[PDB]
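Step one of this worksheet: look at the structure below.
Cβ: placed from backbone, ideal geometry, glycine included. Neighbour counts: every protein chain shown. Here, each number is a calculation from the coordinates, and none is a lab measurement.
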Amino acid sequence: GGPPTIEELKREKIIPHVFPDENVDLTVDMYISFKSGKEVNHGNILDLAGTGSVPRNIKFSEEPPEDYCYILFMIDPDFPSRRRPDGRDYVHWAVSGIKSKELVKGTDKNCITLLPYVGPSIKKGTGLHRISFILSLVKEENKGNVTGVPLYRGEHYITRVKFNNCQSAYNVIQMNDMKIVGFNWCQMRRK
C-alpha cells in the first residue's frame, strides 16, 4: 500500500499487541513473496501450506542509510493461539546485516542469520495468527551484537517462545536502540 498506516495497524490491534504505541516511523515498504502467487500483503489470508521455507523474494523500497543495515524479524504474536497467546512473541526468523533492496532466499554475503527460519507453528482451532515481519535499522558495527539475540549456535542455546526470553520483538528493538522502519503481516490459520 506502501507501508501500513497507523490507523490500519490500530484497526487490527497490531498496535498495541505488537507495537505498544503509535510512534513507529514506517517508511520502508516491504514486499514479501514465499513463492509466485503467495505474498504477504497487509493482513491478507495466506494458507499455511507452502510456508515451510524462508521467503524466496523480499524487496525493500529503499536501501538502508550509509553505515546502517536492516534487521528483519518474523514473529507470531498469537502463539500458541489468538485467544491465549502465552508464548507472544514466537520468533520464526531473525536476520541482520541486509544492505540490498532485494533479499533472495533469506540471505546474502552481508547477512548474519541470528535465528534461522522455521515456518509457522499453528494448530487447528487456534484462531487467525497475525504472522508479522518487522524491519528495523541497526548500525553496521552492531549487526552481530544484538543484546537478547546472540550469534546462533543451534536451537539448544535459544528459545523461540517469548522471543528468546526477551518477551517481544519490540522489546529487543528498543533495548538495542534500533529504529523500526517497516512492517508487513498476514493472517494464517490451520484448515
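Looking only at residues that are touching a residue at least 24 places away in the same chain (Cβ under 8 Å) and surrounded by fewer than 18 Cβ atoms within 10 Å (Cβ to Cβ) in the stretch 146-157, which one is nearest to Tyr117 (Cα to Cα)? Among those that are touching a residue at least 24 places away in the same chain (Cβ under 8 Å) and surrounded by fewer than 18 Cβ atoms within 10 Å (Cβ to Cβ), it is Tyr152.
When the stretch 172-191 is filtered for residues that are surrounded by fewer than 20 Cβ atoms within 10 Å (Cβ to Cβ) and among the polar types (S, T, N, Q), the ones remaining, listed by number, are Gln174, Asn176, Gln187.
Residue pairs whose Cβ atoms lie under 6 Å apart, separated by 6 or more positions or on different chains, with the first residue in the stretch 116-135 and more than 17 Å from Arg56 (Cα to Cα) and the second assigned to a loop (DSSP other than H, G, I, E, B) and among the hydroxyl-bearing types (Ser, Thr, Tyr), are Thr126/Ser81; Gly127/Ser81.
State yes or no: is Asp89 over 29 Å from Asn142 (Cα atoms), touching a residue at least 24 places away in the same chain (Cβ under 8 Å) and under 17 Å from the mean Cα position of the chain (by Cα)? No.
Pick out the one residue from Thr113, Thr107 that is surrounded by 15 or more Cβ atoms within 10 Å (Cβ to Cβ), out of contact with any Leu (no Cβ under 9 Å at 6 or more places or on another chain) and not in a loop (DSSP other than H, G, I, E, B). Checking each option against the conditions leaves just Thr113.
Quick grid of which residues meet (1) touching a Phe, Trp or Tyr at 6+ places or on another chain (Cβ under 8 Å); (2) hydrophobic (A, V, I, L, M, F, W, C):
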position: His92; (1), (2): yes, no
position: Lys109; (1), (2): no, no
position: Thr113; (1), (2): yes, no
position: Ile180; (1), (2): yes, yes
position: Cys186; (1), (2): no, yes
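Restricting attention to the stretch 14-39, and to residues there that are farther than 17 Å from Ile180 by Cβ, within 16 Å of the chain's Cα centre (by Cα) and not small (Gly, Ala, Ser), which single residue is surrounded by the most Cβ atoms within 10 Å (Cβ to Cβ)?
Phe34
Among what's in the stretch 162-182 and is out of contact with any strand residue (DSSP E or B) (no Cβ under 6 Å at 6 or more places or on another chain), outside any helix (DSSP H, G or I) and of a type outside the set (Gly, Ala, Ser), pick the residue that is nearest to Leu46 (Cα to Cα). Per the criteria, the residue is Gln167.
Given the criteria of a type in the set (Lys, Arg), more than 16 Å from the chain's Cα centre (by Cα), more than 21 Å from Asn41 (Cα to Cα) and surrounded by fewer than 23 Cβ atoms within 10 Å (Cβ to Cβ), does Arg83 qualify? Walk me through it before giving the result.
Working: of a type in the set (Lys, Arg): yes; more than 16 Å from the chain's Cα centre (by Cα): yes; more than 21 Å from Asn41 (Cα to Cα): yes; surrounded by fewer than 23 Cβ atoms within 10 Å (Cβ to Cβ): yes.
So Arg83 passes the test.
Within the stretch 53-71, is there a residue that is over 17 Å from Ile98 (Cβ atoms) and over 17 Å from the mean Cα position of the chain (by Cα)?
Quick first cut of the stretch 53-71, residues over 17 Å from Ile98 (Cβ atoms) only: 53.
Among the residues that remain, those that are also over 17 Å from the mean Cα position of the chain (by Cα) are: none.
Scanning the stretch 53-71 turns up no residue that is over 17 Å from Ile98 (Cβ atoms) and over 17 Å from the mean Cα position of the chain (by Cα).
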